[PDB]
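In structure tokens, one chain follows: the form deposited in one PDB entry.
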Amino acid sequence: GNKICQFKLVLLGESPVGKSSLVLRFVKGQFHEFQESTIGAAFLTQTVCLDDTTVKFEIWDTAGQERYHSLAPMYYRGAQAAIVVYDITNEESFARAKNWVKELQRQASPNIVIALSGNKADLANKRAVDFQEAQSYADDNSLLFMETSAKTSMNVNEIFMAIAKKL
């Protein structure tokens, strides 16, 4: 197809749960066991083929520490989509994700598409957040949910593409 679309996406979530790793996997097809902590935010772009449209993603990868919370609106304000990420082995990160969802539903664009990534799914032997519980939470809050693994690539391209399809 000859159509071209572009949209802004922001990743939010407790540090560290794998936000930068998810972006690196999608954008560069790489994964770093030793990933440097993000300071403020980092920016990357990726262009993909979605049916008859060339979709370009402008991605803001935010630093998740609480000291950066006040900067968050600078990144989500004009976003068309967000991926709120938690680590499936860390229940506290899942609770933190729910608070990011609340903040987006109250302060971001009313039409923003919100995805929820249960990351580090490859560490299911250390699971702390039940898949069905997270799915029910996502369904009740109209969030696009998938468990992902930046380490193995499981559902990484899929979650980004599912978002693009719903814009």
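Just count from 1 along the sequence shown to find any residue number.
This next part talks about the form solved in complex with a partner chain, which is not shown.
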{"item": "Candidate stretches 39-47, 125-133, 106-114, 138-146 - the one whose heavy atoms come within 4.5 Å of its partner chain in the deposited bound form", "value": "39-47"}
{"item": "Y68, heavy atom within 4.5 angstroms of its partner chain in the deposited bound form", "value": "yes"}
{"item": "Non-hydrogen atom contact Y75 with its partner chain in the deposited bound form at 4.5 angstroms", "value": "yes"}
{"item": "Exercise: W100 in contact with its partner chain in the deposited bound form, heavy atom 4.5 Å", "value": "no"}
